[PDB]
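Asks: Here it is: the structure, laid out below.
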Amino acid sequence: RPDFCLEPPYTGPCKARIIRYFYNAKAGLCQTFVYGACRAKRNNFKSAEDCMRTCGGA
């Protein structure tokens, strides 16, 4: 499994408020978090299927 999914999400600066998905190593799967719409990282999937299809595998 990748390590960018174990890290926390990145709301980043900006002022937008989108509900992106990220892998919660504490939950074992993915959850939704506030995205800044800019400077997104690997811990910011548009859908839970993209987050699980990327780091999913527990």
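Following the order of the structure tokens, first chain is A, next is B, and so on, with residues numbered from 1 inside each chain and ligands from 1 in the order they appear.
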Among chain A, which residues does DSSP mark as helix (DSSP H, G or I) when it is run on the backbone? Keep the chain and numbering as in the structure and answer as a PyMOL selection string.
Replies: chain A and resi 48-55
Asks: Near residue 26 of chain A, within 10 Å and counting only C-alpha atoms, which residues show up once chain neighbours fewer than 2 positions away are dropped, as an NGL selection string?
Replies: :A and (6-8 or 23-24 or 28-30)
Asks: May I have the selected residues written with C-alpha atoms, as a short mmCIF file (atom, residue, chain, number, x, y, z; two decimals), in the first residue's frame?
Replies:
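Writing the result to out31.cif gives the following:
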```cif
data_model
loop_
_atom_site.label_atom_id
_atom_site.label_comp_id
_atom_site.auth_asym_id
_atom_site.auth_seq_id
_atom_site.Cartn_x
_atom_site.Cartn_y
_atom_site.Cartn_z
CA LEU A 6 -1.67 6.80 5.47
CA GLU A 7 -1.09 10.55 5.87
CA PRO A 8 -3.93 12.96 6.68
CA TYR A 23 -7.78 7.06 3.00
CA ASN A 24 -8.15 7.18 6.80
CA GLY A 28 -9.03 1.24 7.51
CA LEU A 29 -10.88 2.69 4.48
CA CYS A 30 -11.57 6.15 3.00
#
```
Asks: With only C-alpha atoms as the counted atoms, please give the residues lying no more than 8 Å from residue 55 of chain A, apart from itself and same-chain residues fewer than 6 positions off, as a ChimeraX atom specification.
Replies: /A:1-2,5,23
Asks: Can I get the selection written as a compact mmCIF listing (two decimals), in the first residue's frame, with N, CA, C and O atoms?
Replies:
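Result file is result20.txt:
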```
# COMPACT_ATOMS: atom_id res chain seq x y z
N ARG A 1 0.86 -1.22 0.00
CA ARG A 1 0.00 0.00 0.00
C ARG A 1 0.88 1.26 0.00
O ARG A 1 1.95 1.26 0.57
N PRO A 2 0.39 2.29 -0.64
CA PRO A 2 1.14 3.57 -0.71
C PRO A 2 1.21 4.23 0.67
O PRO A 2 0.50 3.87 1.58
N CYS A 5 -1.52 7.60 1.40
CA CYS A 5 -2.90 7.34 1.89
C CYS A 5 -2.88 7.24 3.42
O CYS A 5 -3.87 7.49 4.08
N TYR A 23 -7.89 8.34 2.24
CA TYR A 23 -7.78 7.06 3.00
C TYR A 23 -7.48 7.32 4.48
O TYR A 23 -6.43 7.82 4.83
```
Asks: Between A:35, A:22, A:10, A:4, which has the minimum distance to residue 48 of chain A (counting only C-alpha atoms)?
Replies: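 Closest candidate: A:22.
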Asks: Which one is closest to residue 3 of chain A: A:42, A:31, A:36, A:57? Count only C-alpha atoms.
Replies: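 With only C-alpha atoms as the atom set, the closest residue is A:42.
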Asks: If you run DSSP on the backbone, which residues of chain A are strand (DSSP E or B), as a list in words?
Replies: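 Everything in chain A that counts as strand (DSSP E or B) is residues 18, 19, 20, 21, 22, 23, 24, 29, 30, 31, 32, 33, 34, 35 and 45 of chain A.
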Asks: Which residues, written as number ranges by chain, have at least one atom at most 10 Å from residue 18 of chain A, with only C-alpha atoms counted and residues fewer than 4 positions away on the same chain left out?
Replies: A: 11, 32-37, 46
Asks: Mind dumping the selected residues with C-alpha atoms as a PDB file, in the first residue's frame?
Replies:
```
ATOM      1  CA  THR A  11      -7.532  20.906   2.778  1.00  0.00           C
ATOM      2  CA  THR A  32     -14.611  12.607   3.049  1.00  0.00           C
ATOM      3  CA  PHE A  33     -12.630  15.758   3.927  1.00  0.00           C
ATOM      4  CA  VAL A  34     -12.673  19.488   3.075  1.00  0.00           C
ATOM      5  CA  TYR A  35     -10.625  20.117  -0.098  1.00  0.00           C
ATOM      6  CA  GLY A  36      -9.177  23.549  -1.034  1.00  0.00           C
ATOM      7  CA  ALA A  37      -9.744  22.869  -4.784  1.00  0.00           C
ATOM      8  CA  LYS A  46     -12.864  12.537  -6.105  1.00  0.00           C
TER       9      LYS A  46
END
```
Asks: Measure the distance from atom CA of residue 45 of chain A to atom CA of residue 21 of chain A in Å and round it to one decimal.
Replies: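 Pair atom CA of residue 45 of chain A / atom CA of residue 21 of chain A returns 4.7 Å.
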Asks: Could you tell me how far atom CA of residue 56 of chain A lies from atom CA of residue 20 of chain A, in Å and to one decimal?
Replies: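 Between atom CA of residue 56 of chain A and atom CA of residue 20 of chain A the gap is 16.2 Å.
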